[PDB]
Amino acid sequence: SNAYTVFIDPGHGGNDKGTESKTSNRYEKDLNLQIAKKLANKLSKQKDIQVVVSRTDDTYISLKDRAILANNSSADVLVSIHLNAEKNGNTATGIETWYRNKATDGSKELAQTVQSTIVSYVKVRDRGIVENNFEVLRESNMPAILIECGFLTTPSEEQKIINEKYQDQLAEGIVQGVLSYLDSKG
């Protein structure tokens, strides 16, 4: 056998709505699932790739449980999909990718490759890569990143995030970043 397993984690779900648009009352949880579904479908078409997702529907899953699911799936890579939010603002734009604090396992490399590839596909503002102690990253056992796919709190970004062709481009960019990582550092 020679397959890589990619665990996709659409952030939030169920009772946890994540960020909520002030314009339109759209929820991050729903947009995360839309983007993740496109990413999952694209990865599953690749030859040596098996996809595992934390959720396929509007289900609540705790942070602890997501890391447990990822770990039990023996994934090679974890990609969590979230949207960013400004607590006191509605102007920020762009995409950034997080990895666990002081990662030595290749998470930092995965983050940079995915981030740079995304920037080439959607041509959004490059906010770079960031260390973050988010529990899903911290407690997962394999290279793990969380992509903040634009600011749902910024009306311009929301108009992109909701758009299917934009979601498709973003998902394609993520796929190519993951494959480029896996091709070189499985």
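The first residue of the sequence shown is number 1, and the count goes up from there.
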Which is higher in the entry, the mean Cα B factor of 42-50 or that of 133-141?
42-50
Looking only at CA atoms, which has the higher mean B factor in the entry: 73-81 or 105-113?
105-113
Sorting the chain's modelled residues by C-alpha B-factor, tell me whether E172 ends up in the lowest, middle or highest third.
middle
For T91, return the chain-relative third of its C-alpha B-factor as stated in the PDB record: lowest, middle or highest.
middle
Ranked by Cα temperature factor within the chain, is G14 in the lowest third, the middle third or the highest third?
highest
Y121 - Cα temperature factor, lowest/middle/highest third of chain:
highest
Sort the modelled residues of this chain by their C-alpha B factor and say whether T153 lands in the lowest, middle or highest third.
middle
